[PDB]
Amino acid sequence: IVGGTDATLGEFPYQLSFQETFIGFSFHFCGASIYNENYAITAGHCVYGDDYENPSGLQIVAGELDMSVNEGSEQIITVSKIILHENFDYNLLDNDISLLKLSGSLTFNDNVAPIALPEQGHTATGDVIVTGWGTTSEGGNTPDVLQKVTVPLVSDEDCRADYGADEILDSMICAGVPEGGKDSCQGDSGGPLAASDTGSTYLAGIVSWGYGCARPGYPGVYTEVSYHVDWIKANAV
């Protein structure tokens, strides 16, 4: 997250760290969001190429804030199954969504909780909040403390002037400020864009792609969750 501030424990109880385990360390490579006690939502490109029915060495961490200190609310649970959208396009990032089934259930508490879905077809609006442990500048360093940033949504038509008409699908949502400086970045993929125009927090987007990060005129691009709510409900058992 570029141009953000530090989160607090319990502020974003739905935020997950998606990690791969290697010799000597667990490596954060993507975000995810809690859907229910057994399922997380992430990006399709975070899982493409995996052994979907028998994923190895993949886990989520709930209740995390600072990666470099165990504060006591962290819940590490291995991923038991990956459910990738069957029409995912690995190149153009159409249908960039997957579910992660966990090998055991999350325990909900003040610091660990689901994020609500919108209704299918809802149009998110207002300023939205994007969170993650991604780099804090393009090509930059990664923070140990979860970051948050507020950004406005950019209409698909306005975003298409930057990226091209057919590159931005309706089922994508763009967010960023025209002057740049506020965006998700590498390591934020799969994590949440949260809106609140219904008077309540819900998951409006999933971090997907962009040209660089936080550049003027190049908003971040997100999978728009309201196009895929029925898909999520059909696939989360």
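Just count from 1 along the sequence shown to find any residue number.
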On mean Cα temperature factor in this entry, is 115-123 or 152-160 the higher one? 115-123
Higher-scoring stretch by recorded Cα B factor average, 80-88 or 98-106: 98-106
Among 173, 34, 177, 69, where is the Cα B factor highest in this entry? 69
Quick one: classify residue 237 as lowest, middle or highest third of the chain based on its Cα B-factor. highest
Place residue 59 in the lowest, middle or highest third of its chain's C-alpha B-factors, as listed in the PDB entry. middle
When the modelled residues of the chain are sorted by Cα temperature factor, does residue 136 land in the lowest, middle or highest third? highest
Lowest, middle or highest third: where is residue 195 by Cα B-factor in its chain? lowest
Record-listed C-alpha B factor of residue 210: chain third: lowest
